[PDB]
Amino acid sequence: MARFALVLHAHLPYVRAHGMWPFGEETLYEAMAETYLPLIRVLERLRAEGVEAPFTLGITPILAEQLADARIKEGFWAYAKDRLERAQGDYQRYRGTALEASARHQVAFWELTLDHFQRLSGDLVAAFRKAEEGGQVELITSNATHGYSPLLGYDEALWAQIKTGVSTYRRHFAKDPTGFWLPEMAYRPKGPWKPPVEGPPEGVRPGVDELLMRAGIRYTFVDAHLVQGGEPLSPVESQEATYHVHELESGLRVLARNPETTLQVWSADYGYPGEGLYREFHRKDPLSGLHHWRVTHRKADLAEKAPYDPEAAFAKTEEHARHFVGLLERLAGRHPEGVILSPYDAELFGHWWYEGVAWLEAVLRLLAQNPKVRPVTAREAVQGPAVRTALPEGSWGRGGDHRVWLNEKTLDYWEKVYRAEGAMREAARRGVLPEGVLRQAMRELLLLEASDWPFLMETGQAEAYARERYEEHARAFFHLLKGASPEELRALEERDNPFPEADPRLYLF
């Protein structure tokens, strides 16, 4: 019986109080409305209808901290209300036109969004907790602020990232996490280590999995090429190694990403999202900002996008659900006792691929009654026979290594990260600065360590923004240690408020 472990990793860097658009609080509001709330509704249905098709969901600590924030909750409420009004306005403008059906859908969507958000008391974290409680999903944690594990300069800093993540998970769910999502699936085994830039001490460092083990984590995930060598997914076939559960020397277990299921969904040439009926991500209404057009054709110009047909688009998800399950059955036939790990960035479903969440639900419903492929949580997925394996260093990023986050444009970044991590450690040992100052400084360090900054600069999704973002957290960090006034500290505490119980002791041992 082949095991299918669907793993969704929900994440977004800290945008609370740092602007709204392009990349700001609105980015978080969109995800809540298009990905998280719809996902919660799927979970509620499956529980209500007794459908047994569990999967795994990761919510990075920094994301959960924002979702549970009063300002974000109120901000989302205003966002949704405003969107509903924009939808109602579009329905009157487009009534009787080719965009009517799409306009009606928008109204219905936002009405449901406001009503659902209101019925959950605007607390998404609580709903996910409820779903896990029902057994419909397993929740896993990650690095506090999604720091790039392999490159953090100090073991105590990586420890702080990991431990703060476990603590946040406990705080929000009143349970301990056994599963852990490695940001960018970036891994580094035990062994000699030399800093990429000046700062950190060069010497033997424990493997990332060793710290995870010490933190109570029992399993994580890595990209396919870490267990089967060869080319990364930057055609990459799935060797038998990728279908086995792997146990490291530390005792930690790892599953490897299945290439086929990843490409079948993400591919720009044949991924499901490219289907012509699906809603076009890149075309927004000049006046309302809403999406009323469909992909139509992958090559098609924006001006050539045809009107969006909501009904036809969502109906199409059933077809792709069957197709996907067909692929799972072939993979299963090839490895009847293997484990198929299909890990994705959660925002892919709902935000990038609008109909993607309905697709997920369709897939789970089909898998609940599938004799060849059994949907399981990560914990169940890692049980049974395992291959003793040693993992080389790498990630699931372009090139299968660290080039995306470590490069020409990000040298200054890691430079400041290393300096800051060392200072944090020292400040923690000295213990002379006020408790509050140490906690906020720690917060600034964590925010600075977000891999999202170097990522957004290399990709070009928001280079100037990301650059200013890390420079400011760095600036705030050293200013706090060098000496800031009580009111300057409070302004930073209010602006950057994640981790109310951040523990500076973590930088010691």
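In this text, residue numbers run from 1 along the sequence as written.
>> For the step residue 234 to residue 235, what size class fits the number of deposited residues with no coordinates, none, 1 to 3, 4 to 9, or 10 or more?
In response: Some 4 to 9 residues are missing between them.
>> Test of understanding: from the entry's C-alpha B-factors, which stretch has the higher mean, 398 to 406 or 164 to 172?
In response: Per the PDB entry, the higher value belongs to 398 to 406.
> So which stretch wins on mean C-alpha B-factor, 290 to 298 or 353 to 361?
Replying inline: Of 353 to 361 and 290 to 298, the stretch with the higher C-alpha B-factor average is 290 to 298.
> Which of these has the highest Cα B-factor in the record: 145, 106, 239, 141?
Replying inline: The listed residue with the largest C-alpha B-factor is 239.
> Looking at 120, 157, 433, 331, which has the highest CA B-factor as recorded?
Replying inline: Reading the PDB entry, the winner on C-alpha B-factor is 433.
>> Can you tell me whether residue 83 has a C-alpha B-factor in the lowest, middle or highest third compared with the other modelled residues of the same chain?
In response: Ranked within chain, residue 83 CA B lands in the lowest tercile.
> Among the chain's modelled residues, which third holds the C-alpha B-factor of residue 95?
Replying inline: It belongs to the highest third of the chain when residues are ordered by C-alpha B-factor.
>> Using the temperature factors of the C-alpha atoms in this entry, rank residue 9 within its chain: lowest, middle or highest third.
In response: Bottom third by C-alpha B-factor.
> In terms of the CA temperature factor given in the entry, to which third of its chain does residue 493 belong: lowest, middle or highest?
Replying inline: It falls in the bottom third of the chain.
> Of the three thirds of its chain by CA temperature factor, lowest, middle or highest, which one includes residue 466?
Replying inline: Its C-alpha B-factor belongs to the middle third of this chain's values.
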